[PDB]
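*Asks:*
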Amino acid sequence: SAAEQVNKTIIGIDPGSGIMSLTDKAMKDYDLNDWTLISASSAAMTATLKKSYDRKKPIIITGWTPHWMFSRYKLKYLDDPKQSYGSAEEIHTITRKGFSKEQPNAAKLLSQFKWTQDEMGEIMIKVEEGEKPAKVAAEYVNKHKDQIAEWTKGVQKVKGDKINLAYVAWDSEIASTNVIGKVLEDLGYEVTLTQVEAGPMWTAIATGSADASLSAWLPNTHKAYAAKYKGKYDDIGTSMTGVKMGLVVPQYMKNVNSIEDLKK
Ligand SMILES: C[N+]1(C)CCC[C@H]1C(=O)O
Numbered sequence: 009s010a011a012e013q014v015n016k017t018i019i020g021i022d023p024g025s026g027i028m029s030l031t032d033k034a035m036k037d038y039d040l041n042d043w044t045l046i047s048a049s050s051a052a053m054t055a056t057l058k059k060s061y062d063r064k065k066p067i068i069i070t071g072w073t074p075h076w077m078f079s080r081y082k083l084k085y086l087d088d089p090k091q092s093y094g095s096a097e098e099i100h101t102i103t104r105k106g107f108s109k110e111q112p113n114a115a116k117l118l119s120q121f122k123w124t125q126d127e128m129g130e131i132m133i134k135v136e137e138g139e140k141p142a143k144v145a146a147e148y149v150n151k152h153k154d155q156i157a158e159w160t161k162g163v164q165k166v167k168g169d170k171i172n173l174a175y176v177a178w179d180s181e182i183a184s185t186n187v188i189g190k191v192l193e194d195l196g197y198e199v200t201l202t203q204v205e206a207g208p209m210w211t212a213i214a215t216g217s218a219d220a221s222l223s224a225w226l227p228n229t230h231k232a233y234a235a236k237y238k239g240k241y242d243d244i245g246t247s248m249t250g251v252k253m254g255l256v257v258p259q260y261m262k263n264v265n266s267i268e269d270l271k272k
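Converting from the sequence shown to PDB author numbering requires adding 8 to each position, the first position being numbered 1.
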């Protein structure tokens, strides 16, 4: 059984994260209160995944779709019939209150930013290969010529205007923040990227100390953070849809398909 196979253990990421709260709810929804959820981090969990995959050792992680892990590995979602992880998750483009009128040109670009999951992986994979994000961003924009035209449609050039982009250091958001960062730099902007945790990121935006962020995962991941700063930020675009999250096992675990299978 799945309980037999993993010793009632889920390998997760960092404790302060959205997927970890959501998992807490999951374990509670499916009556898994004798299970152990290991907190770790992205780096640590993906390493533990690597060990177990190679050995064909059964493992249950907390996975999220917009990530290179589904590329480097044959993985799968355990079905969530109780939808503990919510649904219709999206990546959003947020700014500080009154950025759109302070800088109409920069907001135009930010609101027009869209791309797909594998287009983001185009970047994420090269970065995990050890390529420098700023180089991969440049390579990307000088490759996907038509996509940038979409984004920069009716967008003027500026004389060294300053812009502060706040990002949370998940691999997905290193992808997006750099690509957009580069687009702005090609446009003649003085671009700063400020790294922060989620929370400090939301605060920075809500208190004007950062201009924009491409790290808002709504509505499920940052339910609380979005609520907390309800009338104090701008949501000016969706940069991606169909992002999924939950319990992920490798495909070799044929007999484990639902979270329900853990009750056995
Ligand atoms: C799903 N994630 C791992 C990726 C971005 C948000 C983060 C989380 O808080 O769960």
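Idealized CB from N, CA, C, for every residue including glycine.
Beta-carbon within less than 8 Å of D154's beta-carbon, same chain only, minus the 5 sequence neighbours each way: which residues are those?
*Replies:* The sequence position of residue 154 within the sequence shown is 146, counting from 1. Around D154: no qualifying Cβ.
*Asks:* Which of the three DSSP states is assigned to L195 in this structure?
*Replies:* Here residue 195 refers to the residue found at position 187 of the sequence shown. The answer is coil: DSSP assigns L195 none of H, G, I, E or B.
*Asks:* Across which residues does DSSP place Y241 in a beta bridge pair?
*Replies:* The count along the sequence shown starts at 1 and reaches residue 241 at position 233. DSSP lists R104 as partners of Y241.
*Asks:* Starting from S223, follow the beta strand (DSSP E) in both directions and report where the run begins and ends.
*Replies:* Locating residue 223 in the sequence shown gives position 215, counting from the first residue. First-last of the beta strand (DSSP E) with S223: 220–226.
*Asks:* Would you mind reading off the limits of the alpha helix (DSSP H) that contains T211?
*Replies:* The sequence position of residue 211 within the sequence shown is 203, counting from 1. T211 -> alpha helix (DSSP H) spans 208–214.
*Asks:* Nearest to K151 by alpha carbon, out of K271, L83, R63, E130?
*Replies:* Walking along the sequence shown from the start, residue 151 turns up at place 143. The residue with the shortest Cα to Cα distance from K151 is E130.
*Asks:* Kindly provide the chain-ordered list of residues whose Cβ lies closer than 5 Å to any non-hydrogen atom of ligand 1.
*Replies:* Residues flagged by the Cβ proximity filter: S25, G26, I27, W72, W178, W225, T229.
*Asks:* Is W72 helix, strand or coil by DSSP?
*Replies:* Counted from its first residue, the sequence shown places residue 72 at position 64. Here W72 sits in strand by DSSP.
*Asks:* Quick check on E97: buried or exposed, where buried means 16 or more other Cβ atoms within 10 Å of its Cβ?
*Replies:* Reading the sequence shown from its first residue, position 89 is the one you call residue 97. Buried, because 16 or more other Cβ atoms sit within 10 Å of the Cβ of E97.
*Asks:* Decide if the region 117–135 is in contact with the region 186–193; the criterion is three or more beta carbon pairs, one per stretch, under 8 Å apart.
*Replies:* Result yes; three or more Cβ-Cβ pairs closer than 8 Å.
*Asks:* Give the DSSP-derived three-state secondary structure of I188 in the structure shown.
*Replies:* Start at 1 with the first residue of the sequence shown, and residue 188 comes out as number 180. Three-state result, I188: helix.
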